[PDB]
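Trainee: My questions all concern the structure below.
Residue numbers (the deposited numbering): 1 to 228.
Here it is, written out as C-alpha coordinates:
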(Lines of atoms letter the chains of each structure in order from A and count residues from 1; the text may use other names and numbers.)
(Lines give C-alpha, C1' and ligand atoms only; values in the text may rest on other atoms or scores of the structure.)
Protein backbone atom coordinates (compact mmCIF):
# COMPACT_ATOMS: atom_id res chain seq x y z
CA UNK A 1 0.00 0.00 0.00
CA UNK A 2 0.91 3.69 -0.15
CA UNK A 3 3.44 3.06 -2.90
CA UNK A 4 2.00 0.10 -4.77
CA UNK A 5 -0.43 1.67 -7.24
CA UNK A 6 0.27 1.56 -10.97
CA UNK A 7 -0.95 0.25 -14.33
CA UNK A 8 2.33 -1.53 -15.14
CA UNK A 9 2.61 -3.47 -11.88
CA UNK A 10 0.12 -6.22 -12.78
CA UNK A 11 -0.05 -6.79 -9.03
CA UNK A 12 -2.21 -4.05 -7.51
CA UNK A 13 -4.23 -3.05 -10.58
CA UNK A 14 -4.60 -6.63 -11.87
CA UNK A 15 -6.75 -9.00 -9.80
CA UNK A 16 -6.05 -11.87 -12.19
CA UNK A 17 -8.89 -14.38 -12.01
CA UNK A 18 -11.29 -12.52 -9.73
CA UNK A 19 -14.94 -13.60 -9.65
CA UNK A 20 -17.37 -11.39 -11.57
CA UNK A 21 -19.14 -10.87 -8.24
CA UNK A 22 -15.99 -10.52 -6.14
CA UNK A 23 -14.29 -8.17 -8.60
CA UNK A 24 -17.18 -5.74 -8.31
CA UNK A 25 -18.01 -6.48 -4.69
CA UNK A 26 -14.77 -4.79 -3.64
CA UNK A 27 -14.27 -2.27 -6.45
CA UNK A 28 -17.87 -1.07 -6.49
CA UNK A 29 -17.96 1.53 -3.72
CA UNK A 30 -14.21 1.99 -3.20
CA UNK A 31 -13.99 5.77 -3.61
CA UNK A 32 -14.61 8.60 -6.11
CA UNK A 33 -12.74 6.80 -8.87
CA UNK A 34 -11.45 3.24 -9.12
CA UNK A 35 -10.94 0.37 -11.59
CA UNK A 36 -9.65 -3.20 -11.93
CA UNK A 37 -9.28 -6.22 -14.22
CA UNK A 38 -10.60 -9.79 -14.24
CA UNK A 39 -10.02 -12.86 -16.41
CA UNK A 40 -13.67 -13.81 -17.02
CA UNK A 41 -14.47 -17.37 -15.93
CA UNK A 42 -16.14 -18.08 -19.27
CA UNK A 43 -13.39 -16.26 -21.16
CA UNK A 44 -10.21 -17.52 -19.39
CA UNK A 45 -8.22 -16.40 -22.41
CA UNK A 46 -9.88 -12.98 -22.50
CA UNK A 47 -9.34 -10.44 -19.72
CA UNK A 48 -11.87 -7.84 -18.60
CA UNK A 49 -11.65 -4.26 -17.31
CA UNK A 50 -14.00 -3.12 -14.54
CA UNK A 51 -14.56 0.55 -13.69
CA UNK A 52 -16.70 1.43 -10.64
CA UNK A 53 -19.38 3.54 -12.37
CA UNK A 54 -22.67 3.53 -10.43
CA UNK A 55 -24.15 1.00 -7.94
CA UNK A 56 -22.04 -1.80 -9.41
CA UNK A 57 -18.97 -1.40 -11.61
CA UNK A 58 -18.55 -1.62 -15.40
CA UNK A 59 -17.47 -5.06 -16.60
CA UNK A 60 -15.66 -4.75 -19.93
CA UNK A 61 -14.38 -7.74 -21.88
CA UNK A 62 -10.93 -7.30 -23.42
CA UNK A 63 -9.39 -9.52 -26.11
CA UNK A 64 -5.80 -10.73 -26.41
CA UNK A 65 -5.27 -12.41 -29.78
CA UNK A 66 -1.53 -12.41 -29.11
CA UNK A 67 0.98 -11.06 -31.67
CA UNK A 68 0.42 -13.71 -34.34
CA UNK A 69 -0.37 -13.26 -38.08
CA UNK A 70 -3.25 -15.10 -39.84
CA UNK A 71 -2.52 -18.86 -39.73
CA UNK A 72 1.22 -18.78 -38.75
CA UNK A 73 2.81 -18.46 -35.26
CA UNK A 74 5.18 -15.58 -36.01
CA UNK A 75 7.22 -15.87 -39.25
CA UNK A 76 7.58 -12.13 -39.82
CA UNK A 77 8.08 -10.11 -36.63
CA UNK A 78 11.60 -10.37 -35.08
CA UNK A 79 13.40 -8.97 -38.20
CA UNK A 80 11.72 -5.51 -38.12
CA UNK A 81 12.17 -5.46 -34.36
CA UNK A 82 9.04 -3.37 -33.89
CA UNK A 83 6.52 -6.14 -33.36
CA UNK A 84 3.22 -4.93 -31.80
CA UNK A 85 0.89 -7.11 -29.73
CA UNK A 86 -2.83 -7.88 -29.87
CA UNK A 87 -5.02 -6.34 -27.18
CA UNK A 88 -8.48 -4.79 -27.61
CA UNK A 89 -10.99 -3.65 -24.99
CA UNK A 90 -14.28 -2.29 -26.36
CA UNK A 91 -13.72 -0.90 -29.84
CA UNK A 92 -10.29 0.72 -29.59
CA UNK A 93 -7.23 -1.52 -29.34
CA UNK A 94 -3.51 -0.95 -28.81
CA UNK A 95 -0.74 -3.06 -27.21
CA UNK A 96 -1.71 -4.20 -23.72
CA UNK A 97 -4.18 -3.26 -20.99
CA UNK A 98 -2.26 -0.45 -19.19
CA UNK A 99 -1.95 1.07 -22.66
CA UNK A 100 -5.72 1.47 -22.89
CA UNK A 101 -6.13 2.20 -19.17
CA UNK A 102 -4.44 5.56 -19.55
CA UNK A 103 -6.23 6.17 -22.86
CA UNK A 104 -9.58 6.56 -21.08
CA UNK A 105 -8.30 8.05 -17.81
CA UNK A 106 -10.07 11.22 -18.90
CA UNK A 107 -11.71 10.34 -22.21
CA UNK A 108 -14.79 8.39 -21.06
CA UNK A 109 -14.73 4.88 -22.54
CA UNK A 110 -18.43 4.14 -21.99
CA UNK A 111 -19.55 6.53 -19.18
CA UNK A 112 -17.28 6.66 -16.12
CA UNK A 113 -13.75 7.49 -17.31
CA UNK A 114 -10.72 5.47 -16.21
CA UNK A 115 -9.40 5.99 -12.68
CA UNK A 116 -6.80 4.58 -10.29
CA UNK A 117 -6.47 0.87 -9.39
CA UNK A 118 -8.66 -0.45 -6.59
CA UNK A 119 -6.19 -2.92 -5.13
CA UNK A 120 -6.99 -4.30 -1.69
CA UNK A 121 -7.76 -0.74 -0.61
CA UNK A 122 -8.68 -1.84 2.92
CA UNK A 123 -11.65 -3.99 4.00
CA UNK A 124 -15.17 -2.62 3.70
CA UNK A 125 -17.88 -4.87 5.15
CA UNK A 126 -20.76 -4.74 2.67
CA UNK A 127 -23.25 -6.68 4.78
CA UNK A 128 -27.02 -6.41 4.29
CA UNK A 129 -29.66 -4.36 6.09
CA UNK A 130 -33.22 -4.68 7.40
CA UNK A 131 -33.01 -7.91 9.39
CA UNK A 132 -33.03 -9.28 12.94
CA UNK A 133 -29.82 -9.84 14.91
CA UNK A 134 -28.50 -11.52 18.05
CA UNK A 135 -25.47 -12.09 20.24
CA UNK A 136 -23.71 -15.46 20.31
CA UNK A 137 -20.07 -16.09 19.47
CA UNK A 138 -16.82 -16.54 21.38
CA UNK A 139 -13.79 -15.37 19.47
CA UNK A 140 -10.80 -17.70 19.27
CA UNK A 141 -7.95 -15.59 17.91
CA UNK A 142 -5.80 -12.61 18.89
CA UNK A 143 -6.66 -10.34 15.95
CA UNK A 144 -5.70 -6.69 15.51
CA UNK A 145 -8.15 -5.29 12.97
CA UNK A 146 -7.91 -3.67 9.55
CA UNK A 147 -9.39 -0.31 10.56
CA UNK A 148 -11.38 1.51 13.23
CA UNK A 149 -14.58 -0.01 11.82
CA UNK A 150 -13.65 -3.70 11.64
CA UNK A 151 -14.01 -5.98 14.66
CA UNK A 152 -10.68 -7.30 16.02
CA UNK A 153 -11.06 -8.62 19.58
CA UNK A 154 -8.77 -11.24 21.09
CA UNK A 155 -9.23 -14.95 21.77
CA UNK A 156 -12.13 -15.53 24.12
CA UNK A 157 -14.34 -12.56 23.27
CA UNK A 158 -18.08 -12.61 22.67
CA UNK A 159 -19.35 -10.54 19.78
CA UNK A 160 -22.89 -9.61 18.81
CA UNK A 161 -23.24 -11.03 15.32
CA UNK A 162 -25.40 -8.54 13.43
CA UNK A 163 -25.57 -10.75 10.34
CA UNK A 164 -23.89 -13.44 8.22
CA UNK A 165 -22.57 -11.62 5.11
CA UNK A 166 -20.48 -14.69 4.34
CA UNK A 167 -18.83 -17.78 5.81
CA UNK A 168 -15.56 -15.92 6.35
CA UNK A 169 -17.01 -13.04 8.36
CA UNK A 170 -20.12 -12.48 10.45
CA UNK A 171 -20.94 -8.85 11.20
CA UNK A 172 -20.49 -8.57 14.93
CA UNK A 173 -19.87 -6.15 17.76
CA UNK A 174 -17.29 -6.37 20.55
CA UNK A 175 -18.00 -6.46 24.27
CA UNK A 176 -16.55 -2.93 24.39
CA UNK A 177 -19.29 -1.31 22.33
CA UNK A 178 -17.65 -1.05 18.92
CA UNK A 179 -18.67 -3.25 16.01
CA UNK A 180 -17.56 -4.45 12.62
CA UNK A 181 -16.90 -7.57 10.59
CA UNK A 182 -15.34 -10.41 12.54
CA UNK A 183 -13.48 -13.48 11.29
CA UNK A 184 -15.95 -16.34 11.09
CA UNK A 185 -13.36 -19.14 10.77
CA UNK A 186 -11.69 -17.58 13.83
CA UNK A 187 -14.72 -17.40 16.12
CA UNK A 188 -17.71 -19.64 16.68
CA UNK A 189 -21.27 -19.91 17.94
CA UNK A 190 -21.62 -19.53 21.71
CA UNK A 191 -24.69 -19.25 23.94
CA UNK A 192 -23.76 -18.09 27.48
CA UNK A 193 -27.30 -17.04 28.40
CA UNK A 194 -28.86 -15.29 25.41
CA UNK A 195 -29.62 -17.95 22.79
CA UNK A 196 -32.44 -15.73 21.52
CA UNK A 197 -34.67 -16.69 18.60
CA UNK A 198 -34.79 -16.27 14.81
CA UNK A 199 -31.84 -16.85 12.49
CA UNK A 200 -32.43 -15.16 9.12
CA UNK A 201 -29.65 -17.21 7.51
CA UNK A 202 -32.11 -20.09 7.38
CA UNK A 203 -34.76 -18.01 5.66
CA UNK A 204 -34.55 -20.00 2.43
CA UNK A 205 -33.31 -23.46 1.44
CA UNK A 206 -32.02 -22.97 -2.11
CA UNK A 207 -35.23 -23.64 -4.01
CA UNK A 208 -35.32 -23.81 -7.80
CA UNK A 209 -35.51 -20.11 -8.68
CA UNK A 210 -32.62 -19.02 -6.37
CA UNK A 211 -30.04 -21.79 -6.80
CA UNK A 212 -26.55 -21.64 -5.22
CA UNK A 213 -23.53 -19.73 -6.53
CA UNK A 214 -25.54 -17.32 -8.66
CA UNK A 215 -27.20 -16.78 -12.02
CA UNK A 216 -24.61 -17.81 -14.66
CA UNK A 217 -23.70 -15.48 -17.52
CA UNK A 218 -21.81 -17.53 -20.16
CA UNK A 219 -21.34 -14.53 -22.44
CA UNK A 220 -19.17 -11.46 -23.23
CA UNK A 221 -18.64 -8.60 -20.78
CA UNK A 222 -19.91 -5.99 -23.24
CA UNK A 223 -17.57 -3.28 -24.54
CA UNK A 224 -16.88 0.35 -23.48
CA UNK A 225 -17.41 1.22 -27.15
CA UNK A 226 -20.81 0.40 -28.64
CA UNK A 227 -22.09 3.54 -30.36
CA UNK A 228 -19.61 6.22 -29.29
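Ideal Cβ positions, reconstructed from N, Cα and C, are used throughout, including at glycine.
Compare the beta carbon distance of residue 6 and residue 13 with 9 Å and say whether it is the shorter of the two.
Mentor: yes
Trainee: Rounded to the nearest angstrom, how far is the Cβ of residue 38 from that of residue 56, given a contact under 8 Å?
Mentor: Rounded, the Cβ-Cβ distance is 13 Å, inconsistent with contact.
Trainee: At what residues does the beta strand (DSSP E) containing residue 183 begin and finish?
Mentor: 179-183
Trainee: Would residue 111 pass as a contact of residue 219 if the rule is Cβ separation under 9 Å?
Mentor: Cβ distance not < 9 Å, so residue 111 and residue 219 don't count as in contact.
Trainee: Need the endpoints of the beta strand (DSSP E) that residue 49 sits in, please.
Mentor: 48-50
Trainee: Return the bridge partner residues of residue 158 from the DSSP annotation.
Mentor: DSSP lists 138 as partners of residue 158.
Trainee: Note down, in chain order, each residue of its chain lying with its Cβ closer than 7 Å to the Cβ of residue 68, except the 5 sequence neighbours on either side.
Mentor: 74
Trainee: In its own chain, which residues sit with a C-beta less than 8 Å from the C-beta of residue 165, not counting the 5 before and 5 after it?
Mentor: 125, 126, 127, 128, 171 and 181
Trainee: Let me know the secondary structure DSSP gives residue 23 once reduced to three states.
Mentor: In this structure, residue 23 counts as helix in the three-state DSSP scheme.
Trainee: Would you check if the segment 186-193 and the segment 205-216 touch, i.e. whether three or more CB-CB distances between them fall below 8 Å?
Mentor: With fewer than three CB-CB distances shorter than 8 Å, the segment 205-216 does not count as touching the segment 186-193.
Trainee: Suppose contacts are defined by Cβ-Cβ distances below 9 Å. Is residue 163 in contact with residue 213 by that definition?
Mentor: no
Trainee: Is the beta carbon of residue 139 closer than 9 Å to that of residue 161?
Mentor: no
Trainee: Could you check whether residue 2 and residue 90 sit closer than 9 Å to each other, using their CB atoms as the reference points?
Mentor: no
Trainee: Which residue comes first and which comes last in the beta strand (DSSP E) that contains residue 36?
Mentor: 36-38
Trainee: Do you know offhand how far residue 154's Cα is from residue 143's?
Mentor: 6 Å
Trainee: Where does residue 23 land, buried or exposed, given buried means 16+ other C-beta within 10 angstroms?
Mentor: buried
Trainee: To the nearest angstrom, how far is the alpha carbon of residue 121 from that of residue 72?
Mentor: Spanning the two alpha carbons is a distance of roughly 43 Å.
Trainee: To the nearest angstrom, report how far apart residue 46 and residue 17 are at their CA atoms.
Mentor: 11 Å
Trainee: In or out: residue 107 buried (at least 16 other Cβ within 10 Å) or exposed?
Mentor: exposed
Trainee: Residue 186: which of 167, 94, 96 and 131 sits nearest, CA to CA?
Mentor: 167
Trainee: Report yes if the C-beta distance between residue 147 and residue 174 is below 9 Å; otherwise report no.
Mentor: no
Trainee: Who pairs with residue 61 in a beta bridge, going by DSSP?
Mentor: 48
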